[PDB]
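# quick one: initial chain(s) of a complex, as found there:
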Amino acid sequence: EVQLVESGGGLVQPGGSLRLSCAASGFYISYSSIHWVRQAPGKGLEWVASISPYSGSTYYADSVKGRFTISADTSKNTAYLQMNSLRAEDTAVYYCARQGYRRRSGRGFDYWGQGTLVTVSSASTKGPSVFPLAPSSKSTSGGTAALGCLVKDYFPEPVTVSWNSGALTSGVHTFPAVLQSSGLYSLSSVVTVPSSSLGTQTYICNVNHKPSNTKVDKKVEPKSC
Amino acid sequence: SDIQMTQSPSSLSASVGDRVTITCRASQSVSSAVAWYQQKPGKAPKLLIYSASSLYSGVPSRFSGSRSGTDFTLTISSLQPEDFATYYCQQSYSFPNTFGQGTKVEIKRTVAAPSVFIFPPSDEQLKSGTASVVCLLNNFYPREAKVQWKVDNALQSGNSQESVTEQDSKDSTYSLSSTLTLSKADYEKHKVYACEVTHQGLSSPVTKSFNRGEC
């Protein structure tokens, strides 16, 4: 019954500002400490800030002090993180977390939201180009062919990839995106399939990049000789 | 001084049923104000242990925490399949609060060599002036693997990026993609494009290659 939902993430340019919110339900934030914790992609958890009940005392990590402000609006049962002078290194999933009740769980953070992604970058929103990774005109390695789609040069995260509108899941590997030196992301999704089906089975990669209004489907077939 | 929480090991491989211990060493006294969290890929962390040794409500008793001075341990007495995850310690003794760096607990299995595939750039991409060459290493174990790109037998350096999947929930293997990026002009100046792979499960290096503009 206890839930936290963070919102307000998205893309911002270096030096810009962004306000995150953390909407609580199933409890009243006035009786709890509320914390913000962030996680850069592929990295660990980093404590950001907290606000104490009854006093309103606020505390900040050295890395954000003077730039971030935590606050609470009890009439919306919502906590906020105002982020100013943002830098590329502030790119992260931002979680809000409730510190639980002292008698029940000490100072542990007993409930966490799902997180909201904040991307700080001078790159502009851009949809991917989707290119086929065609099954090789030889036979194949093992007994199975491999094919895929290359999802190149999009911004920001995330994109979703499926195969055959979700029907094909076995043997699918969709790789974590890499940030290229251009500032754009790229990833590939591959699937291993029987080589004997390459000319009669249909393989379509479905790519959706909601920030750029880019949704495409690419049929991946063998080429010529 | 901020309190440092030094967490070890950064990762460990274990079998279902094994007893494993994860350690967090604080840089000053934190009394017993230490919590442990579990986090699965793409998901929010979940509280396991609070106040160093107290089991959080609803957590299975195979999870335990212990305090030895300023050294803290999380033990899983018998790993179950749902326990493979990343674990984090956290001190709440003083502000600013501090997390340890995390320990990823992965599932041990038998060595499996990769299946290797190379993909030339599509004719569609070449139209735009860039060539991406992709090498796939499929379903291998352990995670350690070396991919080298050769262009007309010259070893490349600095112009590729790699990505690795999470351990597969079924067969417990990894897969890896390596992408070599060249301008179209550079790509068309050479013929043979090769991906050379070394892995524990391979008795000798494996090369997959294509000739530019061939089938």
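Nice, thanks for sending it over. Numbering: from 1, shown residues only, chains lettered A, B, ... in the order given.

# how is chain A partitioned into domains?
For chain A, curated CATH domains gives the domain ranges A:1-122, A:123-222.

# sticking with residue A:154, tell me its helix or strand.
Using DSSP states H and E, the element containing residue A:154 is strand A:144-154.

# ok, what's across the strand from residue A:51?
residue A:34, residue A:58 (DSSP bridges).

# what does stretch A:56-66 contact?
The contact list for stretch A:56-66 (CB atoms under 8 Å, 6 or more residues apart in numbering or on different chains) reads A:46-52, A:68-72, A:83, A:90, B:2, B:95-97. Using the backbone N, CA and C atoms, a C-beta is placed for each residue, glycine as well.

# now the buried members of the residues you listed.
When those are checked for burial by 16 or more other CB atoms under 10 Å in any protein chain shown, the buried set is A:46-51, A:68-70, A:72, A:83, A:90, B:95-97.

# take those residues and keep only those in strands.
Within the buried ones among the contacts of stretch A:56-66, residues falling in strands by DSSP state E are A:46-51, A:68-70, A:72, A:83.

# looking at the residues you listed, spot the one nearest residue B:175.
residue A:46 (28.9 Å; CB to CB).

# re earlier: could the domains of chain A go into JSON lines alongside distance to residue B:104?
Shown next, in JSON lines, are those (distance: least, CB to CB, whole Å):
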{"stretch": "domain A:1-122", "distance to residue B:104": "10"}
{"stretch": "domain A:123-222", "distance to residue B:104": "14"}
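
# nearest to residue B:25, of those?
Residue B:25 lies closest to domain A:1-122 among these, at 15.8 Å (CB to CB).

# endpoints of that closest one, how far apart?
From its first residue to its last, domain A:1-122 covers 40 Å (CA to CA, to the nearest Å).

# sequence below should go in as RNA strand C:
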RNA sequence: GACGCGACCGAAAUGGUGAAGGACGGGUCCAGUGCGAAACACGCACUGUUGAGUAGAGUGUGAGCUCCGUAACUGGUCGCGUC
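Next up, RNA strand C placed on what we already have:
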């Protein structure tokens, strides 16, 4: 010995006075632990080994005690009066 008067002593009490710091306490101060939906701030409880400046980091006509007084008395002693 009784009644009576006085002085001296004692004296419950009391006006003023000024030293003592954690072994007089505290609604003094500091710290720690727990509790209050509560890490700080606020409140309560508890534990503190130079906890800790003796009259103030105090806005106690605080207790006790020192020193100078005063003193109920239905206490003692001595003198004197009457028998």
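
# that older thread, strands paired with the strand holding residue A:154, and their directions?
Under the criterion DSSP bridges, strand A:144-154 sits next to strand A:129-133 (antiparallel), strand A:185-194 (antiparallel) in its sheet.

# after the last one, which helix or strand is next?
It refers to strand A:185-194. Heading C-terminal from strand A:185-194, the first helix or strand you meet, by DSSP H and E, is strand A:204-209.

# what are the buried residues along that next one?
Quick answer for strand A:204-209 (16+ other CB under 10 Å): A:205-207, A:209.

# C-alpha coordinates for that strand, CSV please?
Output in CSV follows, covering the C-alpha atoms of strand A:204-209 (Å, rounded to 0.1, in the frame of the first residue of the first chain):
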residue,chain,number,x,y,z
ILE,A,204,11.1,-7.9,-37.7
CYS,A,205,12.7,-5.7,-35.1
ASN,A,206,10.3,-3.2,-33.5
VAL,A,207,12.1,-0.1,-32.3
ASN,A,208,10.4,2.6,-30.3
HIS,A,209,12.0,5.9,-29.2
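
# who's in contact with that strand?
Surrounding strand A:204-209, the residues in contact under the criterion CB under 8 Å, 6+ apart are A:127-128, A:130, A:148-149, A:151, A:154, A:159-166, A:189, A:214-220.

# chain center to that strand, what's the gap?
Remark: strand A:204-209 is offset 17 Å from the chain centroid, using CA atoms, centre = their mean, to the nearest Å.

# immediately after it, which helix or strand?
Downstream of strand A:204-209, the first helix or strand assigned by DSSP H and E is strand A:214-219.

# which secondary structure elements does that following strand sit against?
The contact analysis (3 or more CB pairs under 8 Å, 6 or more residues apart in numbering or on different chains; DSSP states H and E) places strand A:214-219 against strand A:129-133, strand A:204-209.
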